[PDB]
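Trainee: Let me see the structure of the following:
(4 chains)
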Amino acid sequence: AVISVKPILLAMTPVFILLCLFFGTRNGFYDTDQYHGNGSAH
Amino acid sequence: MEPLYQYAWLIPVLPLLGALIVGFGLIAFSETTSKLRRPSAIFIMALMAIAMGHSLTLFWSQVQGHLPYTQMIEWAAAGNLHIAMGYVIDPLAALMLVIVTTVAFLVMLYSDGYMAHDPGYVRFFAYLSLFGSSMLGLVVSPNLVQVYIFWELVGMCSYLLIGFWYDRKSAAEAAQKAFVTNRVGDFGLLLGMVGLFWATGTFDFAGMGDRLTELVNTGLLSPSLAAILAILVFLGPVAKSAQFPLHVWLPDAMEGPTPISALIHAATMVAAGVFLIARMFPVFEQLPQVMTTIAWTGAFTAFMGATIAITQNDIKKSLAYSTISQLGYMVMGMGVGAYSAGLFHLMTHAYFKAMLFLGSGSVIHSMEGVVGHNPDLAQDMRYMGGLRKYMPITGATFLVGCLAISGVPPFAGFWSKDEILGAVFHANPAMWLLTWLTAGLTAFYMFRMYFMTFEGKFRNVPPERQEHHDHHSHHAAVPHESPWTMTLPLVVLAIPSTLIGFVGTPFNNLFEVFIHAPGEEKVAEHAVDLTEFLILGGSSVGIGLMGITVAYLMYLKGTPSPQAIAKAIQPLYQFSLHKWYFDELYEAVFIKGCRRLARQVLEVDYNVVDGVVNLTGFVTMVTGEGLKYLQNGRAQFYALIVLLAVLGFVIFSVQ
Amino acid sequence: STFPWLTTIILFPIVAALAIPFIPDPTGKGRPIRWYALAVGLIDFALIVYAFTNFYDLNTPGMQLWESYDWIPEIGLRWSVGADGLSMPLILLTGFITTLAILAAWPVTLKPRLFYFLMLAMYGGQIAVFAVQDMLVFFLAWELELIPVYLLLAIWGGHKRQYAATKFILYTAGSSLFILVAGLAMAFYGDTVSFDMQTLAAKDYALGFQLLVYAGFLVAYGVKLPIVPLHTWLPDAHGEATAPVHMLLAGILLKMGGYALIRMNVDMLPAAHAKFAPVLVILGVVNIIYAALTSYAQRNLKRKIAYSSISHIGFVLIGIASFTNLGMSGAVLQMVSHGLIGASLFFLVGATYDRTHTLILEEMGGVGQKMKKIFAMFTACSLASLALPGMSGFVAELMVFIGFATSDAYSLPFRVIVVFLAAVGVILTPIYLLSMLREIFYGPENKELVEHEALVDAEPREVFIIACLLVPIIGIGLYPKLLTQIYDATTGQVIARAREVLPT
Amino acid sequence: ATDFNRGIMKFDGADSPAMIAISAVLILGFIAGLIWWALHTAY
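Mentor: Numbers count the residues shown, from 1 in each chain, chains lettered A, B, ... in the order given. Structure data below:
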């Protein structure tokens, strides 16, 4: 009488995939001020 | 009954989901949800009022004669080691179900008045609903694991709420101390929770008493060894209810918002620190050396917190040191055994402290008109005296809350409070006459806080003369600043006070104790006499009534002075003015000491065990610069080593 | 079933990592190579969840993707792969945190053709450790993340990168040699030269030999999982690093040193365990108390949480060396829950430092006034690492305390002191986490706000990666049989391997 | 160690090399005192 993890993982995969490919397109501040610039911890 | 009780887990998960949504609406949609302040307050309040609708029928069905209903769901399983997490609807649990959602709907009615000038209005209702769902799971809890999932959750909601404003440096350090000091009790609770699962074998409260009493008399456990187990579980409630070692966070918990102080003295304190020891009475009554520890550290706090409430200039810091003592007055009621009377002084404490706290917030929002937003102590700049001379309904209701805590004739406390004074002069009258002396001192600071700031003249002239704020001139002096959203909650929190003006009376004390049976049907009581109860109650309403006549005369002369007390008892007055000199013991020893122990674990890290690793890389670099000098040019020297090794290997290999 | 599933997941990033210099359009900073490396991460995480939800066939002890391909018959090694219960939670975790580490590697314009090559090569070099059932492929895959993680810390790192990068490759390749030495010691014992991880377990060893192999394995696995004397490589390699790199070190790379303790020091050498197991729990107790006081005394911000990651690891040692089915099920859940928690902390240190440019924790104060979504996120992830209930930090440590002091192995004066000593970490973790929160965000005293710290924001992509990681922290912490059912039957044989030996 | 005495609650003042050795023998002695406990007290 346990909730199986396979139907909760297979139903959470294609929302995680389609949200990264959307949330990549939406970002701010990492292209306009960004005084770190190239060297990412200098 | 079946859609009322099988869906009884919906009372914790409804007001959680009201904060799950606005938590998802503030982190992602903060441009609209910060503007949506008014609907999202009523939306969050709707799931609390439905949760009030569950409990008011889940409790009324329990007093009609319905059986307790338990439910258990497997949570973490292994080989022969199960953890079960469900609920119980117990007449003790269903009574606490009413209290923590009635005062929670009340404080959210209160919250629309104390703010909606504050931009954190949307987030405040997200945290307030985060309190209740973490709290409403604590009261329905069947196990010691299940009371621990929601033990450290309500301290998390208590951490976030004290540091609600988070721009004050004072509210910064106040929030962290409330998490650390409660975690020492959570360090104590976690030791006894594993320690009692070790000995007994099952995490429920009912299955812990029968199994501990099975091994203490057979000979598997020792009478000294199993005593330290239930001491450690008790170390949990000494933190949340602010007993003797762990109470330093309550003067600083008054640095948070004034609605929260009403809820962290009705839900995390009078509930959480008392509900656990009320539920663990299957363990405690079989151990005599543990119950005498509980009552002694309760009765000291009834004395310890009381004298710091004297000469306390701040109104919220005096109410904070009151409920240190009043909770300390109640935990010893669980310590002398007489605990059904200790549970019926719990209900009148939660409904009147919130009456005293929210009533005090009506004073502060009134006093923000004539004075700027910095001082909230006893009144300067048109000094102490008069607030009920302006005739508010906010000022007459924190007197009625003040009146029923001392033991006055015509009001409450005559029915519930002094019942554990006669049950405490039975066994150890040496350490427990101390409660009688402070019984006139709890009557002191309550009425010392009443007519110092409600009787006199307090509006005329400025002594300091610096407000200079348009947010102070719009703070609406002449206490009608208290809006329509205080007319309902300051009245409707007194409508249970006349219900306990009818229930918990000398005929309904017997009927309410009949609901509150312990783990077994047996009730242990030393003796109750018909004539002796009359003078033990009649001399004890005196010490409350004549306890304030020394306060009616002290703080109505203008100065706090009878003869030779302006030059006070400075051996003792330096204790109560500088707050017991107890904050500085915890600070100069523990805070500096863990800032001194931790530093030299860092420098043995960076220099000893980092010194060895930086030495393997040093004796190999200087080995390289030592055999770099083996070659030096001079090719005849290279012809030696070819010829010496020919001589070497023929002495090497012939033996 | 016939299709090689685990052989695909190992080799598909490394095959597709090599197609990165042929991706066209370097018109400025690297945009198209950022999107190709992200999408090739996600279609391998889909390959993990396809192979898991159809082919894993749980509550069976053993491997269910068993593919033993012949590679070199002279040495005796094969290409054998397989996913059991001690690894299939961690194959799923590796495909989850790395795909966010590509997505957290978005502002990098220093060497973006080289960054996403090594990270895709490290994405293959981590799944390959948990999957292979061999010993010369396991030593291959252990040091296969040796050169990409030297270069990830040296080019994109703080100051003292090079002192931190060469202290690390010399200390891990200087400790990986005991895997080859102890992996060859069991391979030649007896008469067979078998290298599979099953026959090396099903072989019978002597007791005096087993204590030499266990002490050889202990130094090789006490470095990566930082058992606290052998730990000095970490707070330099984790202190001077960027947030997308750091999620692969603290999230996943520490878990290989604890995965390999369960596989190769508890299964294969049981009578070696039962002799030197109480040294592990004392090295687990001191792992908590040392690393929590060392975390408090440090003022570098990225170095505070870097020393904190040694402390959460300290329950894996008590969980492994307690001989209880709830202790070992609480250690595997500690490795999964710390990866999800430690990735959500170590992203936001880089998310804070990219705006305020300091990490010094003294020039800060009032950061929570300007950025709010950074403050609201860094509170929920630091509360996750308090072992606070309702999140997966508490249930992973609840089973260890219960599982240790319910075993019929140790004596009672020992079990009382270890549970009393490990629970001092309950007091100690709110001391430095909340004082880190207080001395950065809470307060009026802001910076100079002119020379440094000219900007503050919170990007709507960066709010996803925390809310992507806080879903399985809470979702495991509210129902831990979402994870315990994956490894219930395989852990139940490792404990059945160590119970029959235990009075020794 | 001058960056370890950052201008917040640290710099107790005992960063001297005479204190570093006497703090080491108690700390590294407690771990060694607990390990030597373990092989004789557990079983």
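Trainee: got the residues of the stretch 1-150 of chain C near chain A?
Mentor: C:35, C:38-39, C:42, C:45-46, C:49, C:52-53, C:99, C:103, C:106-110 (Cβ under 8 Å from any Cβ of the partner chain). Placement of C-beta: from N, CA and C, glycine included.
Trainee: Just the ones of those residues in helices?
Mentor: Of the residues of the stretch 1-150 of chain C next to chain A, the ones assigned to helices by DSSP state H are C:35, C:38, C:39, C:42, C:45, C:46, C:49, C:52, C:53, C:99, C:103.
Trainee: Farthest-apart pair in these, please.
Mentor: Within these, C:35 and C:53 form the most distant pair, 27.0 Å apart (Cβ to Cβ).
Trainee: what are the ranges of the helices in chain D?
Mentor: Under DSSP H, chain D gives helices at D:17-41.
Trainee: Filter the residues of the stretch 1-150 of chain C next to chain A down to the buried ones.
Mentor: C:35, C:38-39, C:42, C:45-46, C:49, C:52-53, C:99, C:103, C:106-110 (16 or more other Cβ atoms under 10 Å in any protein chain shown).
Trainee: In the stretch 351-500 of chain B, what residue lies closest to chain D?
Mentor: residue B:374 (27.1 Å; Cβ to the nearest Cβ).
Trainee: likewise chain A?
Mentor: Nearest residue of chain A to chain D: residue A:41, at 17.1 Å (Cβ to the nearest Cβ).
Trainee: Residue C:156 is in contact with that residue, correct?
Mentor: Yes. Counting by Cβ atoms under 8 Å, residue A:41 does reach residue C:156; the two are 6.4 Å apart.
Trainee: so residue C:119 touches residue C:102, yeah?
Mentor: Yes. Using Cβ under 8 Å, residue C:119 makes contact with residue C:102 at a distance of 6.4 Å.
Trainee: Secondary structure element for the residue of the stretch 351-500 of chain B closest to chain D, which one?
Mentor: Per DSSP states H and E, residue B:374 falls between elements, in no helix or strand.
Trainee: And for residue C:79?
Mentor: In this structure, residue C:79 sits in strand C:77-81 according to DSSP H and E.
Trainee: So which elements touch that strand?
Mentor: Using 3 or more Cβ pairs under 8 Å, 6 or more residues apart in numbering or on different chains; DSSP states H and E, the elements in contact with strand C:77-81 are helix C:6-17, strand C:67-72.
Trainee: do that again at 10 Å, thanks
Mentor: Helices and strands touching strand C:77-81, by 3 or more Cβ pairs under 10 Å, 6 or more residues apart in numbering or on different chains; DSSP states H and E, are helix C:6-17, strand C:67-72, helix C:112-131.
Trainee: Contacts for that strand next, please.
Mentor: Outside strand C:77-81, the residues that touch it by Cβ atoms under 10 Å, 6 or more residues apart in numbering or on different chains are C:4-10, C:63, C:65-72, C:127-128, C:130-138, C:140, C:187, C:193-198.
Trainee: Quick one: residues contacting residue 39.
Mentor: You didn't pick a chain, so chain A it is. The neighbours of residue A:39, taking Cβ under 10 Å, 6+ apart as the test, are C:108, C:109, C:110, C:111, C:155, C:156, C:157, C:158, C:161, C:242.
Trainee: not quite, I wanted chain D
Mentor: Taking Cβ under 10 Å, 6+ apart, we find residue D:39 in contact with C:275, C:276, C:277, C:278, C:279, C:282.
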